[PDB]
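> Structure below; questions to follow.
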Amino acid sequence: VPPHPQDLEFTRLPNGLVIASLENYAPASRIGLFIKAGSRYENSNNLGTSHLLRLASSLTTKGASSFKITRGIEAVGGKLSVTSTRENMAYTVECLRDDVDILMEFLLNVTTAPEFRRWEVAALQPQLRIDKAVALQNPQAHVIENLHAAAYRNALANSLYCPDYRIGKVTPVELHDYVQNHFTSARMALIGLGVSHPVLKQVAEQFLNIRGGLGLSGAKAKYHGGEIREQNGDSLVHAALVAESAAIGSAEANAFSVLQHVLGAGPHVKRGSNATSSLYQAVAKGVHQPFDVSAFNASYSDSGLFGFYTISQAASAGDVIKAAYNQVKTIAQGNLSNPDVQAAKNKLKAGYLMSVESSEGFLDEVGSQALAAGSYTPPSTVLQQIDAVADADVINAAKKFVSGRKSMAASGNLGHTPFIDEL
Amino acid sequence: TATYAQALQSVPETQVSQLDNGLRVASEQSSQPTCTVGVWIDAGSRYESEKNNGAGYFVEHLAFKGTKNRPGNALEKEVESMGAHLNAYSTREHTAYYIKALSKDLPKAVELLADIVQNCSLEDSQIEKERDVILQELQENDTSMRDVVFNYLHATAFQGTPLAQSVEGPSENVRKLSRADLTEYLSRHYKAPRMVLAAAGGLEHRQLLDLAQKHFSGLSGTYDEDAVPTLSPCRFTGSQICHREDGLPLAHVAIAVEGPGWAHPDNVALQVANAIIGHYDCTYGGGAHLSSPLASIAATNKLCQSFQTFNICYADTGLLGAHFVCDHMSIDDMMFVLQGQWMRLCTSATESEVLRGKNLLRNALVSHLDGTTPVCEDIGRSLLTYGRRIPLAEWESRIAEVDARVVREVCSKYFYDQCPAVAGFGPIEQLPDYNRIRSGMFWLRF
Amino acid sequence: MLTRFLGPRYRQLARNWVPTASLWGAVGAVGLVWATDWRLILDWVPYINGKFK
Amino acid sequence: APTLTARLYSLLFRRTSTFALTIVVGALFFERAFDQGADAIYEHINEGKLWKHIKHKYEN
């Protein structure tokens, strides 16, 4: 028998900063500062600066040393993490209830007072190589980075990871310039779980009144189209096929989200055949060896990418790509049942509700929402928003993918992997 | 605002009921729109003999592939269609099947779980398909150096006991285990007093109880019969397995002394001490300044890629120690520094670092029990191991009691002058001789 | 000037090593007494008596 | 746990300082008991013979 839960509280300040808080009566507190500071805000002169920044969070600040941040956080058993998308950086901080003040102080120091001392920055440069190396052990990382580089002229084309030529070459000035033009009131959101709204509001008004930076969600992402190919002989070919879709929190994005679950996202059953996954069944029909297919769905501030991702044997890749693409074509041609949209609606709704079950998933959703929309949209109006997607909308999203200029990235033995014009 | 202390009281009590066949049914209610439900069974590879080892693992492969009511793909079609997630795991001691679902879907989710447990339609052709799948999985697991060393450490620590065995079994078991072997396992082990229906989320305990009588009540109403089925203690050894492979680019080493079982109060202090030594890998921010002397020295002097401390619990025994991954020229230095930390904590642990370990454990415990799934696991697992749910405020009481004197007492008891089990895989020429590892388990100065 | 080593942790660290340092003195005292046949102390010891009567 | 090597280890051998203390205390009482025995064996195997057994013939 639980307590009747508190409502989330939400505040936009005149300077554009957004504060959102929830008092769950939990033993731990979670606090995030979400900043429109992701890799899309880099340009061709400063590539990788937001990677080194992501790695730089325990370097010395004004009255908190490197030693002090590490020791002080660890003394109370806390964490400090930094997570980045192409759009956002997110500085989050966890501890027990009683310890919020010290971790808040460390957070505000990291984000608004970093010193970027020449020698500390130097000792950190090799860490870019380690971090990139570890991430790029998953073939998916290569593919999705190449996919974005292929798709875009600009902004969203930039990698999450520093280009090799920039390792050792990103400077203290570039870090200072990056923080001073991106880490500003009108680009920030301060989210807190298990803190009071007055405490957060106070913290925001005292410590987070910055501006001398940029305004928009950027230089606008120009979708280009094209393909990037990486020879490996990796036994398996990873391919992704993609077209321009819809900006986040448009109605069309929900149509893409639902189509993604018609076609099939992740699995639901440990070791299952994926019976209601329409891409997986379509590939399974004419391919009798180990494979995978998922629908791919990446939505951004001013663009999106929808299509599918395949893993297959080198010789089978062409067949797997063609079976998958034909299955999408068949929904674009109108062969889509009302029960199939409804099951996809059920998977998406349940997926979203499970997404926000934990503190970590709740805070990230509230944080990104605050940056994308300027608002908090409760679970039941997200569910209402998903429900309003017509069958025709899902057909229309499939139509848009099939007719639209493609982007492709692939890696492996590519001797039987098709180019875009062969599809 | 509430304190940390107040916040632990406000965590709602786990409600427990016993069904008439002896199935325990337990729930922690929150406000959530989603839930996790599942069956935790007191079954795993420690119950298996030489001849049927890997059977439960084989059952795990078959559990979702059809029932007497839902043949073939019909079950997964129902789970998928409501947007549910159906998952399973097998350890040496526990089997679990659980559904992540919408809270409004708890009726069907309980109905499916019962159908999986009671009515596994292990069709001969299906068991043949799974033969090749498990065999490939064994080939896959061979490439994971972490999974191999921990299997090796079990195989040497528990030498000639059922705890020496892998969960998956040997390959000869995989290729010769029949349907009759599998149904015999099911008959002996999937019995109502040995399994728990756990739930966490937006549910009343009353309806969890209702559905339990609805779908589980035909299990042990008169099936309480045959040798039901005593475990017996496993002799820990103190020994070494060294798989020398210089073709692999990094050495894996796991080292453990014999821990006490699930029951023992000593676990809380051991966990504090393990938190002080902590974990590390190469992607941790700020290395030099880390509090753990091992983690700090390992980062600065490039002594490893990763290490982790552990305390694996079984019934009346366990494995307490550490594992690491390092370059061929670093094993000696790693082992030296690891052992020195164990020795330091036995002899000369101090108040301040124990507070840090205490705090790390409160933060780990609370951060772990976050989501319907980990809470449901904890309800299920705890009722098998402790027979209660131990509430969050009790753990805090047990953590708070630990000071430097306790860490020195409890570490000395398990670590000081004890024979370790040691497992080595990879480029391990520089892995110290066992006598010299034994000698690292005491100090001449003390 | 030695003020580095003065504080609550070093007070605990000294306290931990005290029974050990006491026992190492007790080792060394008996060892000196045994090696020299220290007549002053060994006259007390109720069975170790090389001197008659 | 009744057994005597166990209590020997528990009380005396577990700590290296106590181990050393039990050796040095052990060496004192061994030197007495061995020199007592080994002299008494040597004296008994040479029954008269030595000036210790002759002594009483030439006076006080």
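Scheme for the structure tokens: letters A, B, ... for chains in order shown; per-chain residue numbers from 1; ligand numbers from 1 in order shown.
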At a cut-off of 12 Å, which residues of chain D touch chain C? Count only C-alpha atoms and give the answer as a list in words.

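Output check: residues 12, 15, 16, 17, 18, 19, 20, 21, 22, 23, 24, 25, 26, 27, 28, 29, 30, 31, 32, 33, 34, 35 and 36 of chain D.
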
> Quick one: write out the picked residues with C-alpha atoms as a PDB file, in the first residue's frame?


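Output file out_33.pdb is given in full below:
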ATOM      1  CA  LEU D  12      49.525 -19.034  18.871  1.00  0.00           C
ATOM      2  CA  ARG D  15      49.579 -14.088  14.136  1.00  0.00           C
ATOM      3  CA  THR D  16      53.240 -13.968  13.082  1.00  0.00           C
ATOM      4  CA  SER D  17      54.295 -12.045  16.246  1.00  0.00           C
ATOM      5  CA  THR D  18      52.576 -14.676  18.505  1.00  0.00           C
ATOM      6  CA  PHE D  19      54.146 -17.345  16.211  1.00  0.00           C
ATOM      7  CA  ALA D  20      57.584 -15.776  16.835  1.00  0.00           C
ATOM      8  CA  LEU D  21      56.883 -15.413  20.596  1.00  0.00           C
ATOM      9  CA  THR D  22      55.893 -19.088  20.829  1.00  0.00           C
ATOM     10  CA  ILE D  23      59.132 -20.047  19.002  1.00  0.00           C
ATOM     11  CA  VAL D  24      61.450 -17.967  21.303  1.00  0.00           C
ATOM     12  CA  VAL D  25      59.646 -19.115  24.527  1.00  0.00           C
ATOM     13  CA  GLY D  26      59.760 -22.600  22.897  1.00  0.00           C
ATOM     14  CA  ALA D  27      63.548 -22.307  22.332  1.00  0.00           C
ATOM     15  CA  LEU D  28      64.299 -21.352  25.980  1.00  0.00           C
ATOM     16  CA  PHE D  29      62.486 -24.412  27.417  1.00  0.00           C
ATOM     17  CA  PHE D  30      63.885 -26.700  24.675  1.00  0.00           C
ATOM     18  CA  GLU D  31      67.504 -25.698  25.451  1.00  0.00           C
ATOM     19  CA  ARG D  32      66.990 -26.641  29.123  1.00  0.00           C
ATOM     20  CA  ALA D  33      65.123 -29.920  28.413  1.00  0.00           C
ATOM     21  CA  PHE D  34      67.491 -31.111  25.650  1.00  0.00           C
ATOM     22  CA  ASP D  35      70.762 -30.229  27.489  1.00  0.00           C
ATOM     23  CA  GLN D  36      69.269 -31.876  30.626  1.00  0.00           C
TER      24      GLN D  36
END

> Give as number ranges by chain every residue of chain C that touches chain B within 9 Å, counting only C-alpha atoms.

C: 8-10, 12-17, 20-21, 24

> Excluding stretch 231-234 of chain B and its own-chain neighbours fewer than 2 positions away, which residues fall within 7 Å of it when counting only C-alpha atoms? Please give them as an NGL selection string.

:B and (47 or 158 or 161 or 163 or 229 or 236 or 316)

> Residues of chain A no more than 6 Å from chain B, counting only C-alpha atoms: send them over as a PyMOL selection string.

chain A and resi 1-2+25-27+67+75-77+97+268-270+275+343+346-347+350+357-358

> For chain B, report every residue with an atom at most 10 Å from chain D (counting only C-alpha atoms), formatted as a ChimeraX atom specification.

/B:416-417,442-446
